[PDB]
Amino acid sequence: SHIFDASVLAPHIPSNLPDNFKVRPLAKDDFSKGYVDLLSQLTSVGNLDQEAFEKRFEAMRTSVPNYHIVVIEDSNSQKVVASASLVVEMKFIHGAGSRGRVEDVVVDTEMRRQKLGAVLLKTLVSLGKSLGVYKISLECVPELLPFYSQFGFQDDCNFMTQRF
């Protein structure tokens, strides 16, 4: 069970990259392949157990637009070592267009500088373009502007937040 149809993803996955990496949608059994621990490296996972994972996974799976949560399993360890998400918001502006957002980009602490992050970003950009979104966006610290610039992004206006 994949969180979105792998056939949607197949055209956008870059050609290079070694085996033993599989780029694919998030699978329901990725909880048992270390997905929470990977997400912990990005921010707090709070109280997410398998059961809450599975319920959320199903809620996302049956969403349209899909949650395009794309992961990289390293076949050796049977672990998920990178994740990045493209989520899409429907709009009335731009001819009832849609806006893409890249979220929750994480590459496992032991597996950086192996182009895992670049592969995910290239894949999501290609996917978003193909899905027809008029604009794709993301949020990062200024030190990552040159990272994401590589994939066609450029610094835009202010981003404001508040937490509860």
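One rule holds for the numbers: they count along the sequence shown, beginning at 1.
Hey, which bit's got the bigger mean C-alpha B factor in the entry, 141-149 or 15-23? The stretch with the larger average C-alpha B-factor is 15-23.
Looking only at CA atoms, which has the higher mean B factor in the entry: 61-69 or 45-53? It is 45-53.
Lowest, middle or highest third: which one holds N158 when the chain's residues are ordered by CA B-factor from the entry? For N158, the deposited C-alpha B-factor lands in the lowest third.
Sort the modelled residues of this chain by their C-alpha B factor and say whether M111 lands in the lowest, middle or highest third. Highest third, going by the recorded CA B-factors of the chain.
Among the chain's modelled residues, which third holds the C-alpha B-factor of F31? Highest third.
Can you tell me which third, lowest, middle or highest, the CA B-factor of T123 falls into for its chain? Answer is middle: the recorded C-alpha B-factor places it there.
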